[PDB]
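Taking the form deposited in one PDB entry, here's one chain by itself in C-alpha cells.
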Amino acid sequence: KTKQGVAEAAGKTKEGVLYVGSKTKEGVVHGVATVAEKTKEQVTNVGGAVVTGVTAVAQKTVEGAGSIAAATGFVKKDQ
C-alpha cells in the first residue's frame, strides 16, 4: 500500500456530540487581494511583452512530466 496526501480522521463515542471532519488542499491558490489607488501607468511597447495585471494560477497534475503551471510576460524566439 501507499498513502500520499491523505487526510484521515476517525472518531468513536457512546453518548453526546461527536464531530469528525477531513480536509485536503492540493494545488490551491487562496486569498489574493490587490488595490491600486490613484496610480499612473504609461507603457510604450514595440514587439515585447508587458504584464501589469494580477495573475493567479493553480495546477494539479498526476503522471505529468514537463508541465508548466504558469508562464507570464515572456518573449520566445527559439531557433
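Start at 1 with the first residue shown and count on from there. Shifts are known only where both forms have a C-alpha. In this text, the rigid core denotes the largest set of C-alpha atoms whose superposition between the two forms falls within 1.5 Å.
There is another form of the same protein, the form deposited in another entry; it is not shown, and what comes next is about it.
For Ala71, the Cα coordinates differ by under 2 angstroms between the shown form and the other one after the core has been superposed. Distance between the C-alpha atoms of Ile68 and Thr24: longer in that other deposited form than here (change of 3 Å or more). Note on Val46 and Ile68: their C-alpha atoms are nearer in that other deposited form, a change of at least 3 Å from this conformation.
When the two forms are fitted on their rigid core, the residues between the shown form and the other one that move as runs of three or more, each C-alpha shifted by 2 Å or more, fall in 16-20, 62-69.
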